[PDB]
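K.L.:
One file: upload31.cif (mmCIF, C-alpha atoms).
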```
data_entry
#
loop_
_atom_site.label_atom_id
_atom_site.label_comp_id
_atom_site.auth_asym_id
_atom_site.auth_seq_id
_atom_site.Cartn_x
_atom_site.Cartn_y
_atom_site.Cartn_z
CA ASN Q 5 86.66 122.68 112.28
CA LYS Q 6 86.07 119.26 110.71
CA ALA Q 7 88.01 116.22 111.89
CA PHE Q 8 88.95 114.84 108.47
CA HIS Q 9 89.92 118.34 107.35
CA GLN Q 10 92.42 118.74 110.20
CA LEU Q 11 93.63 115.21 109.46
CA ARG Q 12 94.42 116.35 105.92
CA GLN Q 13 96.37 119.28 107.38
CA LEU Q 14 98.40 117.01 109.65
CA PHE Q 15 98.97 114.54 106.82
CA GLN Q 16 100.08 117.31 104.44
CA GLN Q 17 102.57 118.66 107.00
CA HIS Q 18 103.94 115.14 107.42
CA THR Q 19 104.21 114.67 103.65
CA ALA Q 20 105.99 118.02 103.31
CA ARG Q 21 108.64 116.99 105.84
CA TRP Q 22 108.91 113.54 104.25
CA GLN Q 23 109.43 115.16 100.83
CA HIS Q 24 112.37 117.20 102.12
CA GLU Q 25 114.09 114.42 104.08
CA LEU Q 26 113.40 111.53 101.66
CA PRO Q 27 113.03 113.14 98.22
CA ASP Q 28 113.44 109.85 96.31
CA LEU Q 29 111.16 107.65 98.45
CA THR Q 30 107.56 108.64 99.13
CA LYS Q 31 105.60 107.30 102.07
CA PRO Q 32 103.64 104.78 99.92
CA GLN Q 33 106.89 103.58 98.34
CA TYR Q 34 108.49 103.31 101.78
CA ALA Q 35 105.55 101.28 103.12
CA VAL Q 36 105.87 98.82 100.23
CA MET Q 37 109.59 98.20 100.79
CA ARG Q 38 108.97 97.91 104.53
CA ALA Q 39 106.26 95.29 104.02
CA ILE Q 40 108.45 93.31 101.61
CA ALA Q 41 111.29 93.24 104.15
CA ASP Q 42 108.86 92.18 106.90
CA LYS Q 43 107.88 89.17 104.74
CA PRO Q 44 110.37 88.33 101.98
CA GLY Q 45 108.60 86.61 99.11
CA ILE Q 46 105.20 88.04 100.07
CA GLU Q 47 102.56 87.51 97.40
CA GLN Q 48 101.74 90.69 95.51
CA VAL Q 49 98.02 90.61 96.39
CA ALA Q 50 98.73 90.33 100.12
CA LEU Q 51 101.21 93.20 99.72
CA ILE Q 52 98.28 95.47 98.75
CA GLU Q 53 96.84 95.38 102.27
CA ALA Q 54 100.25 95.15 103.97
CA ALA Q 55 101.40 98.44 102.41
CA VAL Q 56 97.97 100.16 102.16
CA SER Q 57 97.80 100.73 98.41
CA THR Q 58 95.73 99.38 95.52
CA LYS Q 59 96.25 96.64 92.96
CA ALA Q 60 96.99 99.13 90.18
CA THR Q 61 99.12 101.51 92.25
CA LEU Q 62 101.19 98.63 93.64
CA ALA Q 63 101.74 97.17 90.16
CA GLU Q 64 103.02 100.48 88.80
CA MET Q 65 105.20 101.11 91.84
CA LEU Q 66 106.72 97.61 91.86
CA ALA Q 67 107.50 97.85 88.14
CA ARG Q 68 109.42 101.09 88.71
CA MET Q 69 111.19 99.60 91.74
CA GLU Q 70 112.51 96.66 89.73
CA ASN Q 71 113.41 99.05 86.91
CA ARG Q 72 115.82 100.61 89.44
CA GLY Q 73 117.03 97.24 90.74
CA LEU Q 74 115.36 97.64 94.14
CA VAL Q 75 112.97 94.65 94.01
CA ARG Q 76 112.83 91.33 92.17
CA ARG Q 77 109.81 89.13 91.51
CA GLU Q 78 108.98 85.49 90.81
CA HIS Q 79 105.83 84.02 89.26
CA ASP Q 80 103.53 81.17 90.19
CA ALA Q 81 104.17 78.47 87.60
CA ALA Q 82 100.45 77.61 87.60
CA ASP Q 83 99.11 81.20 87.52
CA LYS Q 84 101.36 83.93 86.12
CA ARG Q 85 98.99 86.51 87.64
CA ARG Q 86 100.32 85.52 91.08
CA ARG Q 87 103.71 87.07 91.84
CA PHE Q 88 106.05 87.07 94.84
CA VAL Q 89 108.20 90.05 95.78
CA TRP Q 90 111.67 90.35 97.33
CA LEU Q 91 113.98 93.26 98.01
CA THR Q 92 117.33 93.12 96.26
CA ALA Q 93 120.51 93.75 98.22
CA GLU Q 94 120.46 97.30 96.84
CA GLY Q 95 116.83 97.56 97.95
CA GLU Q 96 117.81 96.42 101.44
CA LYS Q 97 120.36 99.26 101.53
CA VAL Q 98 117.87 101.89 100.34
CA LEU Q 99 115.37 100.78 102.99
CA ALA Q 100 117.94 100.54 105.80
CA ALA Q 101 119.10 104.12 105.21
CA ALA Q 102 115.54 105.43 105.04
CA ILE Q 103 114.16 103.85 108.23
CA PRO Q 104 115.93 106.18 110.73
CA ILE Q 105 114.96 109.11 108.48
CA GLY Q 106 111.30 108.13 108.29
CA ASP Q 107 111.28 107.41 112.02
CA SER Q 108 112.54 110.93 112.74
CA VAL Q 109 109.85 112.45 110.52
CA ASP Q 110 107.14 110.43 112.28
CA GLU Q 111 108.72 111.42 115.61
CA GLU Q 112 108.47 115.16 114.86
CA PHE Q 113 104.67 114.85 115.14
CA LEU Q 114 104.19 111.85 117.44
CA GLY Q 115 106.85 113.20 119.82
CA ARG Q 116 104.47 116.06 120.59
CA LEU Q 117 102.24 113.47 122.30
CA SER Q 118 102.95 111.64 125.53
CA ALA Q 119 103.07 107.85 125.60
CA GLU Q 120 99.49 107.71 126.90
CA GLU Q 121 98.32 110.20 124.27
CA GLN Q 122 100.01 108.15 121.54
CA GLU Q 123 98.38 104.91 122.73
CA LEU Q 124 95.02 106.68 122.96
CA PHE Q 125 95.37 108.28 119.52
CA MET Q 126 95.90 104.84 118.01
CA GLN Q 127 92.93 103.40 119.91
CA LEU Q 128 90.65 106.08 118.45
CA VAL Q 129 91.92 105.53 114.90
CA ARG Q 130 91.38 101.78 115.31
CA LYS Q 131 87.86 102.46 116.60
CA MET Q 132 86.91 104.50 113.51
CA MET Q 133 88.09 101.83 111.06
CA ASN Q 134 85.93 99.18 109.42
CA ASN P 5 101.68 98.89 114.36
CA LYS P 6 102.76 102.39 113.36
CA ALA P 7 100.48 105.38 113.93
CA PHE P 8 100.86 107.00 110.50
CA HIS P 9 100.43 103.59 108.87
CA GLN P 10 97.05 103.03 110.55
CA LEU P 11 96.16 106.62 109.65
CA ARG P 12 96.76 105.72 106.00
CA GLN P 13 94.45 102.73 106.44
CA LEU P 14 91.68 104.88 107.93
CA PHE P 15 92.18 107.53 105.26
CA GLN P 16 92.07 104.94 102.46
CA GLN P 17 88.83 103.46 103.81
CA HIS P 18 87.35 106.96 103.92
CA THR P 19 88.50 107.68 100.36
CA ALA P 20 87.02 104.38 99.17
CA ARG P 21 83.60 105.28 100.60
CA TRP P 22 83.90 108.83 99.24
CA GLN P 23 84.71 107.45 95.78
CA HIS P 24 81.53 105.37 95.74
CA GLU P 25 79.17 108.03 97.10
CA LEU P 26 80.67 111.07 95.32
CA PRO P 27 82.32 109.69 92.16
CA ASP P 28 82.60 113.10 90.45
CA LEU P 29 83.89 115.12 93.44
CA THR P 30 87.00 114.04 95.33
CA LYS P 31 87.70 115.16 98.88
CA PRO P 32 90.29 117.79 97.78
CA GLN P 33 87.84 119.14 95.19
CA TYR P 34 85.07 119.20 97.80
CA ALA P 35 87.28 121.09 100.27
CA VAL P 36 88.03 123.74 97.64
CA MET P 37 84.36 124.37 96.81
CA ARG P 38 83.54 124.40 100.53
CA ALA P 39 86.21 127.02 101.24
CA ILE P 40 85.05 129.19 98.32
CA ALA P 41 81.47 129.12 99.63
CA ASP P 42 82.68 129.96 103.14
CA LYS P 43 84.35 133.10 101.71
CA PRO P 44 83.06 134.15 98.28
CA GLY P 45 85.75 136.03 96.41
CA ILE P 46 88.57 134.50 98.46
CA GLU P 47 92.01 135.18 97.01
CA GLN P 48 93.52 132.12 95.36
CA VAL P 49 96.63 132.09 97.55
CA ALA P 50 94.58 132.13 100.77
CA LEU P 51 92.48 129.32 99.28
CA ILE P 52 95.58 127.09 99.33
CA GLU P 53 95.60 126.92 103.12
CA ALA P 54 91.80 127.09 103.44
CA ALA P 55 91.36 123.92 101.35
CA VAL P 56 94.65 122.17 102.28
CA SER P 57 96.22 121.85 98.84
CA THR P 58 99.20 123.37 97.02
CA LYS P 59 99.64 126.28 94.64
CA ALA P 60 100.02 123.99 91.62
CA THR P 61 97.30 121.51 92.59
CA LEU P 62 94.83 124.31 93.30
CA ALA P 63 95.59 126.01 89.97
CA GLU P 64 94.96 122.82 88.01
CA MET P 65 91.80 122.01 89.98
CA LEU P 66 90.34 125.52 89.65
CA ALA P 67 91.01 125.54 85.91
CA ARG P 68 89.05 122.30 85.50
CA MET P 69 86.27 123.60 87.75
CA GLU P 70 85.75 126.69 85.59
CA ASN P 71 85.99 124.50 82.49
CA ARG P 72 82.84 122.81 83.82
CA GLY P 73 81.19 126.10 84.80
CA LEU P 74 81.48 125.45 88.54
CA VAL P 75 83.70 128.41 89.51
CA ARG P 76 84.47 131.84 88.09
CA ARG P 77 87.50 134.04 88.75
CA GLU P 78 88.48 137.71 88.65
CA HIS P 79 91.96 139.24 88.49
CA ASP P 80 93.71 142.00 90.40
CA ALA P 81 94.05 144.87 87.94
CA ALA P 82 97.49 145.68 89.38
CA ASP P 83 98.81 142.09 89.58
CA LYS P 84 97.28 139.48 87.25
CA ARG P 85 98.94 136.78 89.37
CA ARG P 86 96.41 137.55 92.13
CA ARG P 87 93.00 136.00 91.46
CA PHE P 88 89.72 135.83 93.37
CA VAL P 89 87.41 132.82 93.24
CA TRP P 90 83.62 132.46 93.36
CA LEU P 91 81.26 129.55 92.94
CA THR P 92 78.80 129.84 90.08
CA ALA P 93 75.13 129.12 90.66
CA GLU P 94 75.74 125.67 89.17
CA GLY P 95 78.69 125.29 91.53
CA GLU P 96 76.46 126.22 94.47
CA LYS P 97 74.11 123.41 93.42
CA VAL P 98 76.90 120.83 93.07
CA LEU P 99 78.21 121.72 96.53
CA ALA P 100 74.78 121.81 98.19
CA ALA P 101 73.96 118.30 96.96
CA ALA P 102 77.35 116.95 98.05
CA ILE P 103 77.42 118.30 101.62
CA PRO P 104 74.88 115.83 103.12
CA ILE P 105 76.65 113.05 101.21
CA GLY P 106 80.11 113.99 102.46
CA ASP P 107 78.72 114.46 105.96
CA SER P 108 77.33 110.92 105.93
CA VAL P 109 80.68 109.51 104.78
CA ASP P 110 82.51 111.38 107.55
CA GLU P 111 79.81 110.18 109.97
CA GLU P 112 80.38 106.50 109.12
CA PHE P 113 83.79 106.74 110.82
CA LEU P 114 83.34 109.58 113.32
CA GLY P 115 80.01 108.11 114.45
CA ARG P 116 81.96 105.17 115.85
CA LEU P 117 83.36 107.61 118.45
CA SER P 118 81.48 109.23 121.29
CA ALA P 119 81.29 113.01 121.56
CA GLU P 120 84.12 113.01 124.11
CA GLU P 121 86.22 110.69 121.95
CA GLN P 122 85.65 112.94 118.92
CA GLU P 123 86.67 116.07 120.85
CA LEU P 124 89.73 114.25 122.20
CA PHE P 125 90.71 112.88 118.78
CA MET P 126 90.73 116.43 117.41
CA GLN P 127 92.76 117.70 120.38
CA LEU P 128 95.46 115.08 119.69
CA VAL P 129 95.60 115.89 115.97
CA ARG P 130 95.89 119.59 116.80
CA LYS P 131 98.68 118.78 119.26
CA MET P 132 100.74 116.95 116.62
CA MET P 133 100.53 119.79 114.09
CA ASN P 134 103.11 122.52 113.55
#
```
If you took the structure in this file and wrote it as structure tokens, what would it be?

P.N.:
Amino acid sequence: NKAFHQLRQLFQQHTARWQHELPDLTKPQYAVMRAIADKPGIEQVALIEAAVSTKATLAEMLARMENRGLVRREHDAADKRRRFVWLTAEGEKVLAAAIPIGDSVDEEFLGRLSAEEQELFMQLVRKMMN
Amino acid sequence: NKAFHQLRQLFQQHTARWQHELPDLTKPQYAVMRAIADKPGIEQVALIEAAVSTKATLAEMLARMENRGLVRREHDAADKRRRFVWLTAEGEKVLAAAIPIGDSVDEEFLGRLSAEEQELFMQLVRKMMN
């Protein structure tokens, strides 16, 4: 009966489908790779907002991604705290295969709305944000 | 530019405010206590859907809640796997203090929508669900 409760229901159903179709790439991981491909060499701090995570969660996720050869990083010579992120060629393949999968999972729920309903749903979400 | 991406943004902003105002009670924990109070003695399996969690996440969260004296449980004499959940008196106090806080956090975002926009936002979320 609460709005944010039903939002948790919808988000859990989406996560459940995402788990089945993309078992090795969660939605936060997918958003990070997508934001790196949208801006190769993006600075790690700007990647926090671009992928909707946190400084600590992004650092742990990027470390695991380069452990698996999916991303590579370079450092600011004047400030080693500043890092820039690229996808490797293997990371570009992992992302390219996952995009039509993730799109179909998003479509299972969004496709239940008309174009006007989709545009309106995004206007309301934008209105509630800070 | 994606709908579920902006939903993650809105949900992260809500979690950030919830973290500050209720540092010892997350939104999933709050939903569990709220569902137990709505149906004292609710069976643990039905509590999974009522609070929007999973069997394993609920089991871990309920164990910690009774470690802190916030919930108590009873077992089916014929099937010890079946358990029923109550709030303790101390759990009733923790929940009662948190409800006006959680309501104000929900209101910070929902209050940016009119009554008609709120009703419509919940109709669209219900339409996208399974």

K.L.:
Which residue gives the smallest distance to residue 47 (chain P) among P:86, P:71, P:109, P:65, with all atoms listed in the file counted?

P.N.:
P:86

K.L.:
For chain Q, which residue out of P:56, P:37, P:93, P:105 is the nearest one, using only C-alpha atoms?

P.N.:
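Answer, going by the shortest atom-to-atom distance: P:56.
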
K.L.:
Between CA of residue 87 (chain Q) and CA of residue 26 (chain Q), what distance in Å does the model show, to one decimal?

P.N.:
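We find that CA of residue 87 (chain Q) and CA of residue 26 (chain Q) lie 28.1 Å from each other.
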
K.L.:
Can you list, as a ChimeraX atom specification, the residues that the PyMOL selection byres ((chain Q and resi 54) around 10) selects here?

P.N.:
/Q:35-36,38-40,42-43,46,48-53,55-57 /P:9,13

K.L.:
Give chain P as a JSON list (two decimals) with C-alpha atoms, keeping the file's coordinate frame once it has been least-squares superposed onto chain Q over every C-alpha atom, paired in order.

P.N.:
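The resulting file, superposed15.json, is shown below:
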```json
[["chain", "number", "residue", "atom", "x", "y", "z"],
["P", 5, "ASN", "CA", 86.65, 122.68, 112.28],
["P", 6, "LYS", "CA", 86.07, 119.27, 110.72],
["P", 7, "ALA", "CA", 88.01, 116.22, 111.89],
["P", 8, "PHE", "CA", 88.96, 114.83, 108.47],
["P", 9, "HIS", "CA", 89.92, 118.34, 107.35],
["P", 10, "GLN", "CA", 92.42, 118.74, 110.20],
["P", 11, "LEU", "CA", 93.63, 115.21, 109.46],
["P", 12, "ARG", "CA", 94.42, 116.36, 105.92],
["P", 13, "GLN", "CA", 96.36, 119.28, 107.38],
["P", 14, "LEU", "CA", 98.40, 117.00, 109.65],
["P", 15, "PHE", "CA", 98.97, 114.54, 106.82],
["P", 16, "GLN", "CA", 100.08, 117.31, 104.44],
["P", 17, "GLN", "CA", 102.57, 118.66, 106.99],
["P", 18, "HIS", "CA", 103.94, 115.14, 107.41],
["P", 19, "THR", "CA", 104.21, 114.67, 103.64],
["P", 20, "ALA", "CA", 105.99, 118.02, 103.31],
["P", 21, "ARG", "CA", 108.64, 116.99, 105.85],
["P", 22, "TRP", "CA", 108.91, 113.54, 104.24],
["P", 23, "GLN", "CA", 109.43, 115.16, 100.83],
["P", 24, "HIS", "CA", 112.37, 117.20, 102.12],
["P", 25, "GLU", "CA", 114.09, 114.42, 104.08],
["P", 26, "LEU", "CA", 113.40, 111.53, 101.67],
["P", 27, "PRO", "CA", 113.03, 113.13, 98.22],
["P", 28, "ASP", "CA", 113.45, 109.85, 96.31],
["P", 29, "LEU", "CA", 111.16, 107.65, 98.46],
["P", 30, "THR", "CA", 107.56, 108.64, 99.12],
["P", 31, "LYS", "CA", 105.60, 107.30, 102.07],
["P", 32, "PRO", "CA", 103.64, 104.78, 99.91],
["P", 33, "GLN", "CA", 106.90, 103.58, 98.34],
["P", 34, "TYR", "CA", 108.50, 103.31, 101.78],
["P", 35, "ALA", "CA", 105.55, 101.28, 103.12],
["P", 36, "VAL", "CA", 105.87, 98.82, 100.23],
["P", 37, "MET", "CA", 109.59, 98.20, 100.79],
["P", 38, "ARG", "CA", 108.97, 97.92, 104.53],
["P", 39, "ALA", "CA", 106.26, 95.29, 104.02],
["P", 40, "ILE", "CA", 108.45, 93.30, 101.60],
["P", 41, "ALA", "CA", 111.28, 93.24, 104.16],
["P", 42, "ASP", "CA", 108.86, 92.18, 106.90],
["P", 43, "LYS", "CA", 107.89, 89.17, 104.74],
["P", 44, "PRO", "CA", 110.38, 88.33, 101.98],
["P", 45, "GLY", "CA", 108.60, 86.62, 99.12],
["P", 46, "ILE", "CA", 105.20, 88.04, 100.07],
["P", 47, "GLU", "CA", 102.56, 87.50, 97.40],
["P", 48, "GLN", "CA", 101.73, 90.69, 95.51],
["P", 49, "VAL", "CA", 98.03, 90.61, 96.38],
["P", 50, "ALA", "CA", 98.73, 90.33, 100.13],
["P", 51, "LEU", "CA", 101.20, 93.21, 99.72],
["P", 52, "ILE", "CA", 98.28, 95.47, 98.76],
["P", 53, "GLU", "CA", 96.84, 95.38, 102.27],
["P", 54, "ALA", "CA", 100.25, 95.14, 103.97],
["P", 55, "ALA", "CA", 101.40, 98.44, 102.41],
["P", 56, "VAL", "CA", 97.98, 100.17, 102.16],
["P", 57, "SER", "CA", 97.80, 100.74, 98.41],
["P", 58, "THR", "CA", 95.73, 99.38, 95.52],
["P", 59, "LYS", "CA", 96.25, 96.64, 92.96],
["P", 60, "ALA", "CA", 96.99, 99.13, 90.17],
["P", 61, "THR", "CA", 99.12, 101.51, 92.25],
["P", 62, "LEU", "CA", 101.18, 98.63, 93.64],
["P", 63, "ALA", "CA", 101.74, 97.17, 90.16],
["P", 64, "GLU", "CA", 103.01, 100.47, 88.79],
["P", 65, "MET", "CA", 105.20, 101.11, 91.85],
["P", 66, "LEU", "CA", 106.72, 97.61, 91.85],
["P", 67, "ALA", "CA", 107.50, 97.85, 88.14],
["P", 68, "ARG", "CA", 109.43, 101.08, 88.71],
["P", 69, "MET", "CA", 111.18, 99.60, 91.74],
["P", 70, "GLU", "CA", 112.51, 96.66, 89.73],
["P", 71, "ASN", "CA", 113.42, 99.05, 86.92],
["P", 72, "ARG", "CA", 115.82, 100.61, 89.43],
["P", 73, "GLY", "CA", 117.03, 97.24, 90.74],
["P", 74, "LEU", "CA", 115.36, 97.64, 94.13],
["P", 75, "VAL", "CA", 112.98, 94.65, 94.01],
["P", 76, "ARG", "CA", 112.83, 91.33, 92.18],
["P", 77, "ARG", "CA", 109.81, 89.13, 91.51],
["P", 78, "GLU", "CA", 108.98, 85.49, 90.81],
["P", 79, "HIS", "CA", 105.83, 84.02, 89.26],
["P", 80, "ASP", "CA", 103.53, 81.16, 90.19],
["P", 81, "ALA", "CA", 104.17, 78.47, 87.60],
["P", 82, "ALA", "CA", 100.45, 77.61, 87.59],
["P", 83, "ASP", "CA", 99.11, 81.19, 87.53],
["P", 84, "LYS", "CA", 101.36, 83.93, 86.12],
["P", 85, "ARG", "CA", 98.99, 86.51, 87.64],
["P", 86, "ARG", "CA", 100.32, 85.52, 91.09],
["P", 87, "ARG", "CA", 103.72, 87.07, 91.84],
["P", 88, "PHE", "CA", 106.05, 87.07, 94.84],
["P", 89, "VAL", "CA", 108.20, 90.05, 95.78],
["P", 90, "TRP", "CA", 111.67, 90.35, 97.33],
["P", 91, "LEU", "CA", 113.98, 93.25, 98.01],
["P", 92, "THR", "CA", 117.33, 93.12, 96.26],
["P", 93, "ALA", "CA", 120.51, 93.76, 98.22],
["P", 94, "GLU", "CA", 120.45, 97.31, 96.84],
["P", 95, "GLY", "CA", 116.83, 97.57, 97.95],
["P", 96, "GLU", "CA", 117.82, 96.41, 101.44],
["P", 97, "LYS", "CA", 120.35, 99.26, 101.53],
["P", 98, "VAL", "CA", 117.86, 101.89, 100.34],
["P", 99, "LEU", "CA", 115.37, 100.79, 103.00],
["P", 100, "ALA", "CA", 117.93, 100.54, 105.80],
["P", 101, "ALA", "CA", 119.11, 104.12, 105.20],
["P", 102, "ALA", "CA", 115.54, 105.43, 105.04],
["P", 103, "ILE", "CA", 114.16, 103.85, 108.23],
["P", 104, "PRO", "CA", 115.93, 106.18, 110.73],
["P", 105, "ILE", "CA", 114.96, 109.10, 108.49],
["P", 106, "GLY", "CA", 111.30, 108.13, 108.29],
["P", 107, "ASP", "CA", 111.29, 107.41, 112.02],
["P", 108, "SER", "CA", 112.54, 110.92, 112.74],
["P", 109, "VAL", "CA", 109.84, 112.45, 110.53],
["P", 110, "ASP", "CA", 107.14, 110.42, 112.28],
["P", 111, "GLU", "CA", 108.73, 111.42, 115.61],
["P", 112, "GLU", "CA", 108.47, 115.16, 114.86],
["P", 113, "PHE", "CA", 104.67, 114.85, 115.14],
["P", 114, "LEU", "CA", 104.20, 111.85, 117.43],
["P", 115, "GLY", "CA", 106.85, 113.19, 119.82],
["P", 116, "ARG", "CA", 104.48, 116.06, 120.58],
["P", 117, "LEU", "CA", 102.24, 113.47, 122.31],
["P", 118, "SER", "CA", 102.95, 111.64, 125.53],
["P", 119, "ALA", "CA", 103.07, 107.85, 125.60],
["P", 120, "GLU", "CA", 99.50, 107.71, 126.90],
["P", 121, "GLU", "CA", 98.32, 110.20, 124.28],
["P", 122, "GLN", "CA", 100.01, 108.15, 121.53],
["P", 123, "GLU", "CA", 98.38, 104.91, 122.73],
["P", 124, "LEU", "CA", 95.02, 106.68, 122.96],
["P", 125, "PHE", "CA", 95.36, 108.28, 119.52],
["P", 126, "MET", "CA", 95.90, 104.83, 118.01],
["P", 127, "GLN", "CA", 92.93, 103.39, 119.92],
["P", 128, "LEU", "CA", 90.65, 106.09, 118.45],
["P", 129, "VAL", "CA", 91.91, 105.53, 114.90],
["P", 130, "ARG", "CA", 91.38, 101.79, 115.31],
["P", 131, "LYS", "CA", 87.87, 102.47, 116.60],
["P", 132, "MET", "CA", 86.92, 104.50, 113.51],
["P", 133, "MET", "CA", 88.09, 101.83, 111.06],
["P", 134, "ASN", "CA", 85.93, 99.18, 109.42]]
```

K.L.:
Residues of chain P within 12 Å of chain Q, using only C-alpha atoms, as a ChimeraX atom specification?

P.N.:
/P:5-21,31-32,34-36,38-39,52-58,106-107,109-118,120-134

K.L.:
As an exercise, work out the distance from CA of residue 76 (chain Q) to CA of residue 33 (chain Q) in Å and give it to one decimal place.

P.N.:
14.9 Å

K.L.:
Measure the distance from CA of residue 24 (chain Q) to CA of residue 119 (chain Q) in Å and round it to one decimal.

P.N.:
26.9 Å

K.L.:
Applied to this file, what does the PyMOL selection byres ((chain P and resi 75) around 8) return in terms of residues, put as a ChimeraX atom specification?

P.N.:
/P:66,69-70,73-74,76-77,89-92,95

K.L.:
Find the smallest box with edges along x, y and z containing every listed atom of region 64-67 of chain Q, then add 4 Å on each side and report centre and edge lengths in Å to one decimal, as JSON.

P.N.:
```
{"center_x": 105.3, "center_y": 99.4, "center_z": 90.0, "size_x": 12.5, "size_y": 11.5, "size_z": 11.7}
```

K.L.:
Using all atoms listed in the file, which of the listed residues (P:78, P:30, P:72, P:59) sits closest to residue 44 (chain P)?

P.N.:
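Residue with the minimum atom-to-atom distance to residue 44 (chain P): P:78.
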